[PDB]
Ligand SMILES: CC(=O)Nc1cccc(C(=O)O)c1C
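Shown next as structure tokens: one chain only, the form deposited without this ligand.
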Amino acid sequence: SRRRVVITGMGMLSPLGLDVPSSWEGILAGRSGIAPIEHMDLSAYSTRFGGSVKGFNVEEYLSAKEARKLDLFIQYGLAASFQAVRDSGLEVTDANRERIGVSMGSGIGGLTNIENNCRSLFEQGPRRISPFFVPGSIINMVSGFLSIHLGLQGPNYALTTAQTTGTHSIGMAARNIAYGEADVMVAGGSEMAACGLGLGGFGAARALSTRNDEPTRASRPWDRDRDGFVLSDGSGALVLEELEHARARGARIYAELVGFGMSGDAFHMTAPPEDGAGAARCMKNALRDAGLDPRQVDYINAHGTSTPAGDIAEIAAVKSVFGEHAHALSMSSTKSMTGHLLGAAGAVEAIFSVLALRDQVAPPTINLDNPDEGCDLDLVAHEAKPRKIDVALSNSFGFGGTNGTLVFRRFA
């Protein structure tokens, strides 16, 4: 048997806002967070826009001295984690600190720092590399700094599964609680890949939208005029907690995490199979883990990246899994508004799936002006749809054919 896992705290930085409620207000209003990237000469690049975090003040979280040691993606992950722990109301004590851990991940980690230290090495040589370069750029330092700051002695680790990172981080933290290795975990992901190397790396693969003239219309999942993903920055963190632990302290419970699925496509390094076979196995595994029939699903937060092959693969997977229920559920891509936060995508989308359950509303897929061939599901085009949602799924698909699915249920 297995313990039950609930969500008692959430925290976020996104292109829509510097916390959860601001971001969520943007989501339900159909607002875009996408804009031309500032303070960077992107003349030579084929994409000049993305989803930046606007107005982030690290000194709300860290001293200027500790902030100078840490890449932006670590700053973002710590901001989301501190927000989530504050939101949970949890009091860390000597009686519980060995039972509270962290799994905050990243797909790409400290590209900005790597770029800046490369500049020093190439121009001046290795004596200009920062002493804090390695520990301030490695992906496990959100988990590391968080544990140090709050005195958390439970399982401490970090996943890096590309665009699936935030989903796998949350799912595996839920397993740690369900199987009694922890009572509380802070889990999610963070990303800041808007450097030359990030825009340039994805651009070299021709993976990005190049709709420079209308950045807010670039991210258009399932639209016939889509031309690749939009790169975005930010973080999401959830406090996962064992149910009896949450009830005993009078925690506010947002939702229950009832299932987690993983699978591998074993197909291609960057493209999914056209029929979404791996995404179908992953969703079936998550529903089996939850003891739910596909017909019980009400809302899917799609991966929905705005790539030709990815968006159509997801439609095929959902039709395969859900059969005569495939049109009854609502499925939307919040990446239509946020762009693609890579390893933080699954974290901010798990939060949006939990809020869909709290507020009984499916967020819109904006920009879905002309659904592509076979994209005939309820994709919540243009505007939020109030509806009944008892069960919400969140999907992530990543490079290497790595798949994750989370299943959330209303808690009463």
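Sequential numbering from 1, following the sequence displayed.
Beyond what is shown, the protein has a form solved in complex with this ligand; the following relates to that form.
- For the options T305, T338, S143, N301, the residue carrying a heavy atom within 4.5 angstroms of this ligand in the entry with it bound is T305.
- Put simply, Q163 is close to this ligand in the entry with it bound: some heavy atom of it is within 4.5 Å.
- Put simply, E256 is far from this ligand in the entry with it bound: not one heavy atom of it is within 4.5 Å.
- Residue contact check for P221: none of its heavy atoms lie within 4.5 Å of this ligand in the entry with it bound.
- With a 4.5 Å cutoff on heavy atoms, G398 counts as touching this ligand in the entry with it bound.
- When contacts are defined as a non-hydrogen atom within 4.5 Å, all of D265, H268 and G310 contact this ligand in the entry with it bound.
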